Amino acid sequence: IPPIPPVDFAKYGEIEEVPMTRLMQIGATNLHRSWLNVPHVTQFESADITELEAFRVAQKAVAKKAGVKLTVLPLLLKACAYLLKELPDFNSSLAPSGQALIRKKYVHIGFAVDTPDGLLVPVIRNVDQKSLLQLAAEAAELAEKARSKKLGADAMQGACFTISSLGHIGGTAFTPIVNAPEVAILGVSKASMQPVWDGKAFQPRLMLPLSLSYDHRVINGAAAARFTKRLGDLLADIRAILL
Amino acid sequence: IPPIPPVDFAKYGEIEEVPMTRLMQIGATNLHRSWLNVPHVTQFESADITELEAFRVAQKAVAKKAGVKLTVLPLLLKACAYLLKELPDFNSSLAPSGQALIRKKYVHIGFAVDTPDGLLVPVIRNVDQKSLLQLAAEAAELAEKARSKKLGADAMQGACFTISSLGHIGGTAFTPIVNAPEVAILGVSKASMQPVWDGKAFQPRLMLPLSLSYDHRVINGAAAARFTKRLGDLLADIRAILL
Amino acid sequence: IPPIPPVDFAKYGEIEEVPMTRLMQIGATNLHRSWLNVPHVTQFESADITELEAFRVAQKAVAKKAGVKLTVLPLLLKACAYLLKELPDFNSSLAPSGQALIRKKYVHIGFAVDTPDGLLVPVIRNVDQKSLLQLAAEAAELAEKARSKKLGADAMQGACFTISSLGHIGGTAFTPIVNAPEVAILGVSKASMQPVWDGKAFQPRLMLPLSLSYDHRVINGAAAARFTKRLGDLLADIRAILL
Ligand SMILES: CC(C)(COP(=O)(O)OP(=O)(O)OC[C@H]1O[C@@H](n2cnc3c(N)ncnc32)[C@H](O)[C@@H]1OP(=O)(O)O)[C@@H](O)C(=O)NCCC(=O)NCCSO
Ligand SMILES: CC(C)(COP(=O)(O)OP(=O)(O)OC[C@H]1O[C@@H](n2cnc3c(N)ncnc32)[C@H](O)[C@@H]1OP(=O)(O)O)[C@@H](O)C(=O)NCCC(=O)NCCSO
Ligand SMILES: CC(C)(COP(=O)(O)OP(=O)(O)OC[C@H]1O[C@@H](n2cnc3c(N)ncnc32)[C@H](O)[C@@H]1OP(=O)(O)O)[C@@H](O)C(=O)NCCC(=O)NCCSO
């Protein structure tokens, strides 16, 4: 690939060189490798989490008794685990021959944590088997280890899918980069109150923005529009996961 | 381009290898080729199809008498053909010297069909010369041949522009990949009722999400913001095509 | 990278070859170089410019007396200069060793101008030191020189960040390409009246669509969600820049 020509940046004013941490560098190399290997598409959707939110907030007592804080992330993790089992193509990777998919029968899910030194993506194993407060507690433990640089490589391996959550900061949508050899990544942005038409008038519903980026060699657009659609349905009524 | 390192995925759980159809593989190779050759931008827009819809639905009788089903796709196809003639840069391809555009004086348009074996994009020739019920009928014939694997290569060649429609499934917007050597692709997502300000109060209008991805070497951003804008205008009043 | 196979386009109809200007070609080569080097993410946001607009429109008299026309671009330029100093990572470039950032202590900002021959991006130097009517006047001078092909290379060098504005044409959002070796680019689309919930009811606020694309090797997603968030806040009350 052509390189970018070097520029004497100090011609224009005062410059200062600050160096990258090895995590940045590792991170930089991996994203570039994914960017060049994966033909990326992003499918955007909005889920009505009006009732999910009222549940989350009413279980605050139980959550405080268990020592966990229940945010939207354990709820996303449960729903995606369920879906990764209903739509296995999303749970798989392109074999190195380029002529097969390796379907994973397990569901481990990574989530992006933002630390001073760079990005880490700890993995929760067998997300499909834990409950909302287990996932709540583990998510929190892995994030504090990540931030403390006390997270060990054992816990950043073997993920099938990644959730990248910026809802705590802001934003309307974004287009995340697939962590190859995974095939998809859900980005989550900030929930807003919005008018949603009911057939007769607009009702304020609390809408969660979802951005699913995917590897188009493996996933075609209708399958991904279908994934986001089912996720939007599961989050509108999480009791459907009981069925 | 660096490859992605192989991972023993079976360390983490049970795996199963399922193979890709030759269509997937063909598809995979082509998208990767487009991804690396085309600097992609996506321009998003929403068109008010409140009146277009009421027309579509009122002509249901005529459509049933002709045996066709009239969806939004023949209407998109007519409007894009008209526009591909008003803005010829969108109707062209970058010559292999890299120093010229080959302007096509014809309008043939492909549309993405989703089949069990992978994606096919049949082509309707001379879209600019057929009527809404001709395009309606041909679209339907080509899609059933595509699904029946009875579509023959003659009909997947010489397209100038592609429409990729997921409105039947869901979604807010997405970023399609340009089918090189074409220069643009319109993605269409699901229409929603939305509040649109009239100067004094918000009115429910039925809004169609459009995502136009384009080859930025050939098309600059203002030309594409202008294409989506004119398309939004043509769909708001399709009688302007008579002018 | 594999090339795209040549197609005899004249099999399908009449073709015409028209050639690219040297600006297109230069432009084409640079975008391709950026596309392959930068792993791109776009973060979308909306800023409430209801009060900013009423200010802009009330200062029309002062502006007419100074000979300038004050649009939203000098206001974007001031706010981004302020922010490029609060968040210096956005004001920097990846050193050629790939292991350091070169932090620029200056703020010069480029803006995309659309001319018949192709795209030019003149640079305003030391944006952080000029006022709204200085930036208003210079922006206008550089754009008319650009359009007159009388802009000279001196003025297209040493930029730290680019603003690409299509608000004058239309569109909901788009994903611009980073001008390497810069690390981010703000795209601006058309402002719309929109319902924004106040805790009790929806209020029409005039919303500006922002699309920030960035070089993910250098900028991680939470930093960019934070940049767009602060910009949305500065534009909601530009007096915060006085603080
Ligand atoms: C650890 C975590 C992954 C997840 O955090 P979390 O458990 O959702 O929440 P948190 O950080 O504790 O913040 C929680 C508050 O914000 C709220 N919030 C979280 N998601 C929200 C959403 N999507 N919408 C609105 N509000 C949200 C929580 O519900 C919570 O409310 P209270 O303060 O009232 O309890 C996140 O802190 C993080 O670091 N994200 C970084 C992701 C990233 O950097 N991606 C970059 C790569 S881009 O390809
Ligand atoms: C054949 C077709 C292209 C087009 O189908 P179509 O003719 O528009 O409609 P359909 O499939 O018959 O479904 C029609 C129903 O959904 C509705 N629908 C279609 N577009 C709609 C839209 N954009 N918004 C809302 N509803 C829509 C129709 O109007 C119709 O309504 P009724 O059932 O009441 O008549 C589509 O079936 C298909 O396979 N699309 C796949 C595209 C794709 O996979 N892209 C992937 C690559 S991503 O880069
Ligand atoms: C010179 C300029 C950069 C900026 O123009 P400007 O100073 O904002 O405004 P303008 O062109 O004079 O048009 C101004 C009118 O549109 C309005 N307008 C500008 N931005 C607006 C916005 N974001 N929302 C709504 N309206 C807007 C102005 O406020 C102004 O209103 P009046 O006519 O009532 O005064 C632009 O003309 C241009 O050429 N943009 C091209 C960008 C581009 O091509 N990008 C492509 C690469 S894509 O990666």
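So, how was this worked out
- Residues numbered from 1 in each chain as written, not as in the entry; some residues may be left out.
- Chains lettered and ligands numbered in written order.
- Part of a larger assembly, values for the part shown.
- Heavy atoms only, no water.
- Residues with missing side-chain atoms left out of burial classes, pairs and counts.
- Near = heavy atom within 4 Å.
- Polar contact = N/O pair within 3.5 Å; in protein donor to acceptor, adjacent residues only side chain to side chain.
- Areas by Shrake-Rupley, 256 points an atom, 1.4 Å probe, with all protein chains shown as cover.
- Helix = DSSP H or I, 4+ residues; strand = E, 2+ residues; numbered from the N terminus.
- Nonpolar A, V, L, I, M, F, W, Y, C, P; charged D, E, K, R; others polar.
- Contact = heavy atoms within 4.5 Å.
- Pairing = 2+ DSSP bridges.
- UniProt positions renumbered as here; feature names shortened; annotations may be inferred.
- Patch = residues over 30% accessible without salt bridge, like charges linked within 9 Å, V, L, I, M, F, W, Y side chains within 5 Å.
- Salt bridge = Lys/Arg side-chain N within 4 Å of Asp/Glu carboxyl O.
- Buried < 20%, exposed > 50% of the residue type's maximum accessible area, 1.4 Å probe, protein only.
- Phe/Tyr/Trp six-rings, centres within 6.5 Å; stacked < 30°, edge-to-face > 60°.
- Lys NZ or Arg CZ within 6 Å of the ring centre and 35° of its normal.
- Axes fitted to C-alpha atoms, helices over the stretch in contact; angles between N-to-C directions.
- Least-squares fit on C-alpha atoms.

- In the PDB header, X-ray crystallography is given as the technique by which the entry was determined, and 2.6 Å as its resolution.

- Chain A appears in the PDB entry as DIHYDROLIPOYL-TRANSACETYLASE from Azotobacter vinelandii.
- Each PDB entry has a title, and for this one the record gives "ATOMIC STRUCTURE OF THE CUBIC CORE OF THE PYRUVATE DEHYDROGENASE MULTIENZYME COMPLEX".

A word on the site of ligand 2
And then number 1: In the region of ligand 2, 24 residues are neighbours, and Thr71(B), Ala112(B), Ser164(B), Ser165(B) and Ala191(B) sit closest.
And then number 2: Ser164(B) is positioned with one of its side-chain polar atoms (N or O) 3.0 Å from a nitrogen atom of ligand 2.
And then number 3: The separation between a nitrogen atom of ligand 2 and a polar side-chain atom of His168(B) is 3.2 Å.
And then number 4: Taking 1000 Å² as the accessible area of ligand 2 by itself, protein coverage stands at 75%.
And then number 5: Mapped by element, the contributors of at least two residues to the shell around ligand 2 are α6 (221-236) of chain A together with β6 (113-115) and β9 (162-165) of chain B.
And then number 6: Residues that form the shell around ligand 2 fall into these classes: 11 nonpolar, 8 polar and 5 charged.

What to know about the interface of chain A and chain B
When the parts of a complex come together, some accessible area is lost, and that lost area is often taken as the interface size.
And then number 1: Taken together, the 43 residues of chain A in the interface contact 41 residues of chain B.
And then number 2: Going through the elements one at a time, α1 (22-37), β2 (40-48), β3 (92-94), β4 (100-104), β12 (192-197) and α6 of chain A are the ones with two or more residues in the side of chain A that touches chain B.
And then number 3: Ranked by residue count, the leading element in the side of chain A that touches chain B is β2(A), at 6 residues.
And then number 4: By residue class, the composition of the side of chain A that touches chain B is 20 nonpolar, 14 polar and 9 charged.
And then number 5: Bridge count between β2(A) and strand β10 (residues 173-174) of chain B: 2 bridges; the pairing is antiparallel. Residue pairing in the sheet places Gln43(A) in a bridge with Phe174(B) of β10(B).

Some thoughts on the interface of chain A and chain C
And then number 1: The interface of chain A with chain C comprises 41 residues on the first partner and 43 residues on the second.
And then number 2: Secondary-structure elements contributing two or more residues to the side of chain A that touches chain C are β1 (15-19), α1, β7 (118-120), β10 (173-174) and β12 of chain A.
And then number 3: It is α1(A) that contributes the most residues to the side of chain A that touches chain C, 7 residues altogether.
And then number 4: Of the residues assigned to the side of chain A that touches chain C, the class counts are 28 nonpolar, 9 polar and 4 charged.

Some thoughts on the environment of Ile241(B)
All names here are of chain B.
And then number 1: Of note, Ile241 is situated in the segment after α6 (221-236).
And then number 2: Residues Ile241 and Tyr82 lie 159 residues apart in sequence; the distance between their C-alpha atoms is 7.2 Å.
And then number 3: When residues no more than four places from it in sequence are discounted, the contact partners of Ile241 are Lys78, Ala79, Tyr82 and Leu234.

Regarding unusual backbone geometry
And then number 1: For the bond from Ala180(B) to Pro181(B), the omega torsion is 20°, close enough to zero to count as cis.
And then number 2: For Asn126(B), which is not a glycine, the phi torsion comes out positive at approximately 55°.

Describing the site of ligand 3
And then number 1: Around ligand 3, a shell composed of 24 residues is seen, among which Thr71(C), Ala112(C), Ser164(C), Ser165(C) and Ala191(C) lie nearest.
And then number 2: Chain contributions to the surroundings of ligand 3 come from chains B and C.
And then number 3: One of the backbone nitrogen or oxygen atoms of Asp114(C) is found 3.2 Å away from an oxygen atom of ligand 3.
And then number 4: Within the backbone of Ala191(C), a nitrogen or oxygen atom sits 3.0 Å from a nitrogen atom of ligand 3.

Re the UniProt feature "active site" in chain A
And then number 1: According to UniProt, the positions carrying the feature "active site" are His216(A).
And then number 2: Its place among the elements puts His216(A) in the loop between β13 (202-215) and α6.
And then number 3: Aside from chain neighbours lying at most four places away, what touches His216(A) is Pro39(A), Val41(A), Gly221(A), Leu31(B) and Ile177(B).

Considerations on a nonpolar patch on the surface
And then number 1: A contiguous nonpolar surface patch, about 280 Å² in accessible area, is contributed by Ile1(A), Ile1(B) and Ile1(C).
And then number 2: Within the secondary structure, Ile1(B) is located in the segment before β1 (15-19).

Looking at the pattern of salt bridges
And then number 1: Per the counting criterion, the structure on display carries 36 salt bridges over all chains.
And then number 2: When the shortest N-O distance is used, the salt bridge between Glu51(A) and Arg205(A) registers 3.8 Å. Of this pair, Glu51(A) sits in helix α2 (residues 50-58) while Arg205(A) sits in strand β13; the two residues are 154 residues apart in sequence, bridging distant segments of the chain.
And then number 3: With its nearest N and O atoms 3.0 Å apart, the salt bridge here joins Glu138(B) to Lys130(B). The same class applies to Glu138(B) and to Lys130(B), which are both buried.

A short note on the packing of aromatic side chains
And then number 1: Applying the stated criterion across every chain, the model contains 18 aromatic pairs over all chains.
And then number 2: Among the aromatic residues, those joined into a ring-pair cluster are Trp35(A), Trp35(B) and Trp35(C).
And then number 3: Stacked on the ring of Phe9(B), the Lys or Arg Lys104(A) has its end atom at 3.9 Å from the ring centre.

A word on the sheet that holds β1(A)
And then number 1: Strands sit in the order β1(A)-β4(C)-β3(C) across an open sheet of 3 strands; the sheet is antiparallel. A single partner strand is all that each edge strand has here, and the edge strands are β1 of chain A together with β3 (92-94) of chain C. Across this sheet, the average inter-strand angle for adjacent strands is 25°, counted without regard to direction.
And then number 2: In terms of strand pairing, β3(C) meets strand β4 (residues 100-104) of chain C through 3 bridges, oriented antiparallel. When the sheet's bridge partners are listed, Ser93(C) is paired in β4(C) with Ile102(C).

Let's talk about the relation of the copies chain A and chain B
And then number 1: Mapping chain A onto chain B calls for a screw motion: a turn of 120° about the axis and a shift of 0.0 Å along it, with 0.0 Å RMSD after fitting. As the rotation angle and translation indicate, the two copies are arranged about a three-fold axis. Minimal C-alpha distance to the rotation axis in chain A is attained by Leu36(A), lying at 4.1 Å.
And then number 2: Taken as a fraction of all interface residues of chain A, those also at the interface in chain B reach only 9%, which identifies the copy contact as different-surface.

Some thoughts on the pairing of strand β2 (residues 40-48) of chain B
Residue and element names in this part refer to chain B.
And then number 1: Extensive coverage of β2 is indicated by the burial of 8 of its 9 residues.
And then number 2: In terms of strand pairing, β2 meets strand β13 (residues 202-215) through 9 bridges, oriented antiparallel. Opposite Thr42, over in β13, you have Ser213 as the bridge partner.

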